[PDB]
Amino acid sequence: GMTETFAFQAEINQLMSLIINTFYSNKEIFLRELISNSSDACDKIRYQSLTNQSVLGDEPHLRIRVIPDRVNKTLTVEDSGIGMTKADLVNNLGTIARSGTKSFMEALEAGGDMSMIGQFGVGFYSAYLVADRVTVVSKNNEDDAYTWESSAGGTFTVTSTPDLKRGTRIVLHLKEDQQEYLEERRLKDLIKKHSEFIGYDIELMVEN
Ligand SMILES: CC1(C)CC(=O)c2c(C(F)(F)F)nn(-c3ccc(C(N)=O)c(N[C@H]4CC[C@@H](O)CC4)c3)c2C1
């Protein structure tokens, strides 16, 4: 079969190459980063709802969920936030990814560290510290649900995927050495340590 691939621009490639090919001890920061993006996405739709309450539609509860899958060996971070359009995905948020990436790479070279990734709005890329493949399912009110996928290596795909009423689901396929992010105690301790700074409830899926 045939697949259609988009190419990451130079900046994103440089950042991903750094994240993937360099040893970093504090990989655990990825969770906080993904939860930060979710909280910001909830804020955007919440800001829109202030003038027009119908933007929330059938999904009023603005929530962040952390869901491990021990069978498929994946970690999901989902939200009922603003969501992303085909355009946001195809373009990789365009200028915001390139600007954040140039400034972050600059910060790193000048004394900044990987833990500061989120301060540059590029925190999503920290997923690549623990994941070998990242799948981003998203749905915005103005568009249909689409799936962004990248195993890095300069390319990504954006496929039409119905259907998540509004928001984003980020599925991380964890690396063999990163299976600790499937353990309940690990995720609990990490989510608790960060929930104190997130203005939305963070749901962790627990093992029955
Ligand atoms: C498009 C991506 C697949 C690839 C990308 O590059 C990238 C970046 C960037 F690096 F650009 F900043 N950030 N980023 C990302 C990742 C999680 C979310 C969330 N869970 O909502 C998100 N929300 C944007 C929705 C649009 C905005 O108006 C407001 C918040 C963005 C992604 C996901």
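What counts as what
- Residues numbered from 1 in each chain as written, not as in the entry; some residues may be left out.
- Heavy atoms only, no water.
- Residues with missing side-chain atoms left out of burial classes, pairs and counts.
- Axes fitted to C-alpha atoms, helices over the stretch in contact; angles between N-to-C directions.
- Helix = DSSP H or I, 4+ residues; strand = E, 2+ residues; numbered from the N terminus.
- Parallel < 35°, antiparallel > 145°, perpendicular 65-115°, else oblique.
- Left-handed = near helix turned anticlockwise from the far one by under 90°.
- Contact = heavy atoms within 4.5 Å.
- Nonpolar A, V, L, I, M, F, W, Y, C, P; charged D, E, K, R; others polar.
- Expected span 1.5 Å × (residues − 1).
- Buried < 20%, exposed > 50% of the residue type's maximum accessible area, 1.4 Å probe, protein only.
- Arc of directions from axis to C-beta.
- Pairing = 2+ DSSP bridges.

Looking at the entry header, you'll see X-ray crystallography listed as the method and 2.60 Å as the resolution.

Undergrad: Before we move on, could you go through the packing of helix α2 (residues 30–49) against helix α5 (residues 184–195) and cite the residues and values that matter?
TA: Between two packed helices, the angle of one axis relative to the other and the distance separating the axes together describe the packing. For the pair α2 and α5, interaxial distance at closest approach is 10 Å and the crossing angle is 50°. Considering their axes alone, α2 and α5 lie oblique with respect to each other. When you trace α2 past α5, the crossing you get is right-handed. Residues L31, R32, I35 and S36 of α2 lie in contact with α5, whose contacting residues are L187, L190, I191 and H194. Considering only residue class, the contact of α2 with α5 consists of five nonpolar, two polar and one charged.

Undergrad: Residues and numbers for helix α1 (residues 10–21), please.
TA: The first and last C-alpha atoms of α1 sit 16 Å apart over twelve residues, in line with the 16 Å expected at 1.5 Å per residue. Looking at α1, one finds that the buried residues are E11, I12, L15, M16 and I19. The buried residues of α1 occupy an angular sector of 125° when projected down its axis, which confines them to one face. Looking at the buried side of α1, the elements it contacts are α4 (95–109) and β5 (146–150).

Undergrad: Run through the pairing of strand β2 (residues 64–69), naming residues and quoting values.
TA: Two strands pair when backbone bridges link them, and β2 and strand β3 (residues 74–79) are joined in this way by six bridges, in the antiparallel orientation. Residue pairing for β3: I67 is matched across the bridge by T76. Hairpin connection between β2 and β3: a loop of four residues separates the two successive antiparallel strands, and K73 in this loop has a positive phi of roughly 60°. In this sheet, strand β8 (residues 202–204) lies alongside β2 in parallel orientation, the contact comprising three bridges. Note on β8: the bridge partner recorded for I64 is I202.

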